[PDB]
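These protein sequences, in sequence, are chains B and A.
Under the authors' numbering, read the first sequence as residues 207 to 240, 243 to 268, 276 to 459, 467 to 474, first letter to last.
Under the authors' numbering, read the second sequence as residues 207 to 239, 242 to 263, 275 to 475, first letter to last.
C-beta: ideal position from N, C-alpha, C; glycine also.
To start, the structure under review is shown below, and the notes come after it.
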Amino acid sequence: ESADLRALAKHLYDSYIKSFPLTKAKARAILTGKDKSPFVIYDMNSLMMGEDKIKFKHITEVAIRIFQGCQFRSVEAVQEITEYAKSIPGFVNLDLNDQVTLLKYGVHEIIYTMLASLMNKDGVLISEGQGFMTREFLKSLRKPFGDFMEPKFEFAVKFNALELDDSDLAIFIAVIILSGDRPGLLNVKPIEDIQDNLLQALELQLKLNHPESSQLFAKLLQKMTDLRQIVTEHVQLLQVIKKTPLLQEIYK
Amino acid sequence: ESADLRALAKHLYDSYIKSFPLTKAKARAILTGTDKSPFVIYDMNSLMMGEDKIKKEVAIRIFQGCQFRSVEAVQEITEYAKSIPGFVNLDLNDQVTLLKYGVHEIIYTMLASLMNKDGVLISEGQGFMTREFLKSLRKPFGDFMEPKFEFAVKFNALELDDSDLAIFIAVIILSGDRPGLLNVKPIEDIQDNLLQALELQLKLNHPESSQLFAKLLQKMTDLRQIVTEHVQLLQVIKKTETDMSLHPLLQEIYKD
Ligand SMILES: O=C(/C=C/C=C/c1ccc2c(c1)OCO2)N1CCCCC1
């Protein structure tokens, strides 16, 4: 029934808004046109001044302090994604261990999806969109830190060409969380059933919200491959840094 | 709005459950009496047989035991803390400062769940070490555990369940009065909302328990005192037992 699907689409849209302070639409505006624009970081000099103008909550060598900052924020996004997951109908009724398993394996995927919303070919919004860090400044970081972020830019550029909006992404992120193939799952059935319902919703959303965009649904599901590659790749990059107190415990 | 507060109570209960394998409810069901029956350790020979049956000098290896398990508890508390709304958004220095001071307070709160007047569950519930065996240990390990027993006896008379504790330990972590905090106010606003949640919880979950909220807040004094005696005990050991090792995660917590 179209109606239940639209209802679910709306429900997720409203929860995405409440959970994710910095939305795609707001980020878009920030990247385009002005009004008070954000502070730009494009060199060493500018980073330093940015510390003083954008009070960093992560600030307890440069390349590392930048890496720690991505850590602080992705820890914050986990909390946001966790809260959003609880609004997805059926999610809280699942086995608790499965809930934890879906969030653990799903959050990197969702982070890099939503980070795309904050990126363009030239850089990425930071600090709830009051900063902009350029792509080239990210690449110039001593190796191996130079290309931590290049892959995400490559992905976002391609991903952003689908022209999704927040209302589309709300459902897509839901579909990602409910992936029945995560390791260690105890009762895959209700996960897949909820995933099926979300997939039907996503399909109707895309067809309605983008009637002239041929097979968008398919193309969007195909991107879930590019996500998983960005993830295995990121994790390998972490293992390389790890080989070259309470703080640890926070960032396990 | 009591609805937002109940929502917050639910959220904290859910995370407590996800973060802490051995709950108060599970511990009590074990201490009552089954297939969940623990092995009891009450004497030296007894220690030895339980080594075989459960997962240096005696007194030390018991102390290293309590030390390994505090390391584990810190890891669990750290995970739980991040689920508390607003915690991870605070300045990182403050996050570290709140965990440093709040962690032992929570360890002794939660250890009460594992205790009764006669002893304490160990090894996730597989074992039970009697209070007397712990008292008899060569000094200064003799009454390392007595203070915690005295607290637990009094604390357990409040009859809290895990859903109450989830909020209470949230209130403990978010204390704006820790030394060296940078931005006391955001912490206090979080605490205020947690305190309101705790008050609605206690009133709803224990309607006949007069002023339980107050009595619970007063227990924060017994906690701070437990924390003080322990640290002094560690400094005795560091000079008696130059040969005994202390886990660095714990070391950082105590050092300051
Ligand atoms: O020496 C030990 C274990 C010692 C545990 C010791 C211990 C003491 C107080 C505690 C605690 C653990 O947890 C909370 O409070 N063994 C007996 C059990 C099997 C392994 C060896």
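Cβ-based neighbour list, residue i, same chain, cut-off 8 Å, excluding 5 preceding and 5 following
{"i": "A278/A", "result": "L356, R357 and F360"}
{"i": "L442/B", "result": "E324, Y327, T328, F370 and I391"}
{"i": "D408/B", "result": "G305"}
{"i": "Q410/A", "result": "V390, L393, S394 and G395"}
{"i": "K244/A", "result": "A235, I236 and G344"}
{"i": "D251/A", "result": "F352"}
Residues that residue i contacts on chain B, provided the C-beta gap is smaller than 7 Å
{"i": "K224/A", "result": "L311 and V315"}
{"i": "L318/A", "result": "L468"}
{"i": "residue 535/A", "result": "Residue 535/A lies beyond the stretch modelled for chain A, which goes from 207 to 475, so this question has no answer here."}
{"i": "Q294/A", "result": "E471"}
N- and C-terminal bounds of the beta strand (DSSP E) containing residue i
{"i": "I341/A", "result": "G338 to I341"}
{"i": "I249/B", "result": "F247 to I249"}
{"i": "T349/A", "result": "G346 to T349"}
Buried or exposed by the 16-neighbour rule on C-beta atoms within 10 Å, applied to residue i
{"i": "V450/A", "result": "exposed"}
{"i": "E324/A", "result": "buried"}
{"i": "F287/A", "result": "exposed"}
{"i": "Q314/B", "result": "buried"}
{"i": "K263/B", "result": "exposed"}
{"i": "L237/B", "result": "buried"}
{"i": "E295/B", "result": "buried"}
{"i": "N402/A", "result": "exposed"}
{"i": "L211/B", "result": "buried"}
{"i": "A300/B", "result": "buried"}
{"i": "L311/B", "result": "exposed"}
{"i": "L423/A", "result": "exposed"}
{"i": "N308/B", "result": "exposed"}
{"i": "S429/B", "result": "exposed"}
Contacts of residue i in chain A (Cβ-Cβ under 9 Å)
{"i": "residue 461/B", "result": "The model contains no atoms for residue 461/B, which sits in the stretch where chain B goes from 459 to 467 directly."}
{"i": "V290/B", "result": "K301 and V307"}
{"i": "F287/B", "result": "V307 and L311"}
Residue i: CB within 7 Å of a non-hydrogen atom of ligand 2
{"i": "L356/A", "result": "Although ligand 2 was asked about, the structure shown includes only ligand 1 as ligands."}
Where the alpha helix (DSSP H) through residue i begins and ends
{"i": "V315/B", "result": "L311 to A331"}
{"i": "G284/B", "result": "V277 to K301"}
{"i": "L393/A", "result": "It is not in any alpha helix (DSSP H) - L393/A carries neither H nor E in the DSSP assignment."}
{"i": "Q415/B", "result": "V403 to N424"}
{"i": "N253/A", "result": "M252 to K261"}
{"i": "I223/B", "result": "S208 to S225"}
{"i": "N375/A", "result": "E365 to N375"}
{"i": "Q454/A", "result": "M439 to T459"}
{"i": "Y473/A", "result": "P467 to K474"}
{"i": "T238/A", "result": "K230 to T238"}
Chain B residues whose Cβ lies nearer than 8 Å to that of residue i
{"i": "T238/A", "result": "Neighbours of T238/A on chain B: none; closest Cβ ~24 Å, over 8 Å."}
Selection from the options that minimises the alpha carbon distance to residue i
{"i": "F387/B", "options": "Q420/B, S225/B, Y473/B and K367/B", "result": "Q420/B"}
{"i": "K336/B", "options": "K373/B, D310/B and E343/B", "result": "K373/B"}
{"i": "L218/A", "options": "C285/A, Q294/A, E298/A and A235/A", "result": "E298/A"}
{"i": "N375/A", "options": "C285/A, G399/A and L431/A", "result": "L431/A"}
{"i": "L453/A", "options": "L436/A, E471/A and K438/A", "result": "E471/A"}
{"i": "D381/A", "options": "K216/A, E207/A, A231/A and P227/A", "result": "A231/A"}
{"i": "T316/A", "options": "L436/B, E427/B and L469/B", "result": "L469/B"}
{"i": "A213/B", "options": "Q415/B, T440/B, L436/B and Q437/B", "result": "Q415/B"}
{"i": "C285/A", "options": "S464/A, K474/A and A215/A", "result": "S464/A"}
{"i": "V290/A", "options": "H466/A, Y473/A and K474/A", "result": "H466/A"}
{"i": "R350/B", "options": "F363/B, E343/B and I406/B", "result": "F363/B"}
{"i": "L379/A", "options": "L435/A, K216/A, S342/A and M439/A", "result": "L435/A"}
{"i": "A331/A", "options": "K301/A, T229/A, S245/A and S225/A", "result": "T229/A"}
{"i": "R280/B", "options": "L353/B, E418/B, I406/B and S429/B", "result": "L353/B"}
{"i": "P304/A", "options": "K216/A, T461/A and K458/A", "result": "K216/A"}
{"i": "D220/A", "options": "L384/A, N308/A and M439/A", "result": "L384/A"}
{"i": "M348/B", "options": "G399/B, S254/B and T268/B", "result": "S254/B"}
{"i": "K438/A", "options": "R397/A, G239/A, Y473/A and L377/A", "result": "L377/A"}
Nonlocal neighbours in the same chain, by C-beta distance under 7 Å from residue i, ignoring five residues either side
{"i": "residue 265/A", "result": "Missing from the coordinates: residue 265/A, inside the break in chain A from 263 to 275."}
{"i": "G258/A", "result": "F247, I249 and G346"}
{"i": "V293/B", "result": "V322"}
{"i": "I456/A", "result": "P359 and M463"}
Neighbour list for residue i in chain B, Cβ cutoff strictly below 9 Å
{"i": "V403/A", "result": "Result: empty, since nearest Cβ-Cβ is about 15 Å, beyond 9 Å."}
{"i": "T297/A", "result": "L468, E471, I472 and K474"}
Residues near residue i in its chain [Cβ-Cβ closer than 6 Å; skip 5 each side]
{"i": "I445/B", "result": "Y327, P366 and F370"}
{"i": "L333/B", "result": "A233, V339 and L340"}
{"i": "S225/A", "result": "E295, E298 and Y299"}
{"i": "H425/B", "result": "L431"}
Beta-carbon neighbours of residue i, restricted to chain A and to distances below 7 Å
{"i": "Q451/B", "result": "Neighbours of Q451/B on chain A: none; closest Cβ ~25 Å, over 7 Å."}
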